[PDB]
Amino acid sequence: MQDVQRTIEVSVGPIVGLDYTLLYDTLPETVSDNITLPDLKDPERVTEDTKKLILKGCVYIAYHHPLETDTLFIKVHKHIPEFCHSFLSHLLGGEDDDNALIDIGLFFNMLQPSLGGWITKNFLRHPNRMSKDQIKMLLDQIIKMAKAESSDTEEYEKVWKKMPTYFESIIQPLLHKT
């Protein structure tokens, strides 16, 4: 017995301000059933498939976000973009470079088999012009395509190396769509 409850320390992890117990509890049960709470704090140890599970759950709760002034938003959703930056950076091999400019034309070509029916270069440059559903489709497709070892050197250099920051810039406006 004796309060077999979480300590206050367990809510603190590497991203400052993020309440990790609240993140764990907010994620859908199909994610939290299949990870541990310490997994959220240590992407480097997590398998590629489990990173993708976590990232998809983050997109889901970012889509279903509370108001920006809600305490839940301040402790969880506000930090999802940095959290995804970290998980995507580790997924892709950790050699991301913010001095690179993401090649929108190449990324547009990469998306043709999946999103070709509606995606545009203008949407890719200005994600706030997309709807909530369009952003979620793009984020989900990025997670699906992402790999620990890129099979195309040009896509890696020109797209995946800037993708943690590009993804962060796409999921951020999702948090403020009504």
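Residue numbers here begin at 1 and follow the sequence given.
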Per the PDB record, is the mean Cα temperature factor higher over 168-176 or over 4-12? 4-12
Which of 117-125 and 143-151 has higher mean CA B factor, as the PDB entry lists it: 143-151
Comparing recorded Cα B-factors across 31, 138, 67, 58, which one is largest? 67
Place residue 104 in the lowest, middle or highest third of its chain's C-alpha B-factors, as listed in the PDB entry. middle
Among all modelled residues of this chain, ranked by Cα B factor, put residue 156 in the bottom, middle or top third, i.e. lowest, middle or highest. highest
Rank-wise, by C-alpha B-factor, drop residue 26 into the lowest, middle or highest third of its chain. lowest
Sorting the chain's CA B-factors, does residue 130 end up in the lowest, middle or highest third? middle
Quick check for you: using the entry's CA B-factors within this chain, is residue 53 in the lowest, middle or highest third? middle
